[PDB]
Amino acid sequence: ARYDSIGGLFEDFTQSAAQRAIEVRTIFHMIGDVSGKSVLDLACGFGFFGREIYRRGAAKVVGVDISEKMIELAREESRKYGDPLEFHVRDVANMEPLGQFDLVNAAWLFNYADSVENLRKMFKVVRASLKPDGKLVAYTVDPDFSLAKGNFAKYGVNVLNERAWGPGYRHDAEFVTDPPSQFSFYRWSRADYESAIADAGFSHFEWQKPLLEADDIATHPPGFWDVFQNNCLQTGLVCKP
């Protein structure tokens, strides 16, 4: 797993990157009230979203990540704060079923699907993890991002290159940390995303623009967020059965 070489550097990135405040805001806007809900946090990392979701009143939270190192960090955080989160080390595309939850949160899951086949498998895994009145809140790469139109390094993610990869694109990137933290991800088209959504049995979906606000524009130099607005690397996505 690539994040075995990243580990605690990823938290360092989430603490310094200008984009992270916007994405956290957008994800919790999509999620809404979590009181009493059962929650599955996929590609959970050290557990940031699942753990905050528990802090905001969720009844039960389970996290899944492919990286042993990130899950080791996730379990140590749960021990440090005595919380009841449970974690699994699994590739979500081929995950054993964990049952049906009220809410699946998937922040930076689908951009690790290395083929359209695996993108479609992940969406079927999510649907199988959802109650009939549940929902998926997801955060992923905006299909429309184009590296030539503006890099994201000033927002925390230095995208190093862009290569055709079958029907999509493959990016090598690094989080802006000390030292930089290398990772690779995939940019699948909007059509392929929506087909995976439809064929996984989600009859409703909505793309969500990141929630950049007046105060964010106020406290950076004018135009700082221009690339973020006209070449956004990130998008929200809400799906319901």
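For clarity, a rigid core is taken as the largest C-alpha set superposing within 1.5 Å between two forms. A residue's number is simply how far along the shown sequence it sits, counting from 1.
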Quiz item: Core-superposed in 6 other deposited structures of this protein, which stretch deviates more in Cα positions, 191-199 or 62-70?
Solution: 62-70
Practice problem: Between 104-112 and 74-82, report the one with more C-alpha displacement in 6 other deposited structures of this protein relative to this form after a rigid core superposition. | Solution: 74-82
Quiz prompt | Which of 24-32 and 172-180 has higher mean CA B factor, as the PDB entry lists it | solution = 172-180
Quiz item: For the C-alpha atoms alone, is the average B factor greater in 106-114 or in 160-168, going by the entry?
Solution: 160-168
Quiz item: If you compare 154, 75, 124, 88, which has the highest Cα B-factor in the entry?
Solution: 154
Exercise. Tell me, lowest, middle or highest third: where does the Cα B factor of residue 237 rank within its chain?
Key: lowest
Practice problem: Place residue 187 in the lowest, middle or highest third of its chain's C-alpha B-factors, as listed in the PDB entry. | Solution: lowest
Quiz item: Of the three thirds of its chain by CA temperature factor, lowest, middle or highest, which one includes residue 135?
Solution: middle
Self-check item: Third assignment of residue 44 from its chain's C-alpha B-factors
Solution: lowest
Exercise. Check where residue 145 lands among this chain's C-alpha B-factors and tell me if it's the lowest, middle or highest third.
Key: lowest
